[PDB]
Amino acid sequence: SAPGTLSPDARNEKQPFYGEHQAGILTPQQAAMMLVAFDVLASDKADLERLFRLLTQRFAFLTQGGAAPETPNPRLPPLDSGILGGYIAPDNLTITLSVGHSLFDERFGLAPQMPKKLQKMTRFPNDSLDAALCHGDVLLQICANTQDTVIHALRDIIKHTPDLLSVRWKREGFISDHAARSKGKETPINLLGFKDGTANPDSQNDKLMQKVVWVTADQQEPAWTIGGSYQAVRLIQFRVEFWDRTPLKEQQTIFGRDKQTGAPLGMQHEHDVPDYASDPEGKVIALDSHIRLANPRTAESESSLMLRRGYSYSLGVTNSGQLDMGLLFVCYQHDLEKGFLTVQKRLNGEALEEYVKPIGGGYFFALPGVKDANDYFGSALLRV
């Protein structure tokens, strides 16, 4: 049921930017999203500092809204792109900034300060990673009720960083409109026609999130990272035509769930947790299945939970002529190897692989929240 969904009709609804934590992690999913990675063009630590301050300014403004910055002298470029009209509605916009492995190289001398488990994403067996769609110094996750707002945000940012950022890759996604407008009641349905994110940790549970998502002082981590979160992002293609030609029974054996209800097979309700003990040969829920491999339920690596916050995407055609569509997968963890790396390892060889093809994304660390208007992104990181 977590993190929930937020209604696309709330043009004046605001999400808090300032906080202990960044919005857009625990925040219920907005209808539209953009994942955009950048290469940082900062000369030195001081320039990186200038960028993060500037990002703070822009994010505070856009996420809360206000009248479009007008342009008193027409010899100058417009201060706003104008694609939203004369007023910049906040439209439930959240902007979540996160940093890549590559940012702690020799450029800004932040190597000693790198998060412990942060690393460059390397391939898993079913992957066909496209280098054009991988990594980046920073990633921005931009969510709002509407695609218009999201894009307006991207362009405000670009207009403000021409010598600080260069767009690396970018993908836009959505969640199924029904589940978006039902407001947390209903799970988003993916483009394979199955419900996505049923088994998520209660995101309203501020105490479980401290265990699952947030970095806490107890972990073998650099002090600045506290209140942040390891972010794993995977760009996943679906073989859609082929899928729709595949028996429903087979579709259900692959996921291990009923397609209409989202309940594990042989159980009644969507959120029913199975006992795999009773099904040693996986006659009901295959040992193959997506749900089953995703957790042996051994208790010791139930400690391996993660919050998932994915989005459908639909683009054009693939290089081979098939429909280019699937999943923008995003999950947040207190620990990257304990989270995503453990689970995907666990999932290698799953029957779903015949139908999905990971092609991009990477690992990033989502910074601590900006506490208020005198704080900024990486204020903790750049000090120390």
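Start at 1 with the first residue shown and count on from there.
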If you average the Cα B factors in the entry, which is higher, 351-359 or 36-44? 36-44
Read off the CA B-factors in the entry, average them over 318-326 and over 341-349, and name the higher stretch. 341-349
Comparing recorded Cα B-factors across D288, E250, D206, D80, which one is largest? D206
For the listed residues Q210, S166, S128, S176, which one has the largest C-alpha B-factor as given in the deposited model? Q210
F104 by Cα B-factor - lowest, middle or highest third of the modelled chain: middle
Against its chain's modelled residues, does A132's Cα B factor rank lowest, middle or highest third? lowest
Compared with the other modelled residues in the chain, in which third is the CA B-factor of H271? highest
Cα B factor band for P72 (lowest, middle or highest third within the chain): highest
Is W214 in the lowest, middle or highest third of its chain when residues are ranked by C-alpha B-factor? highest
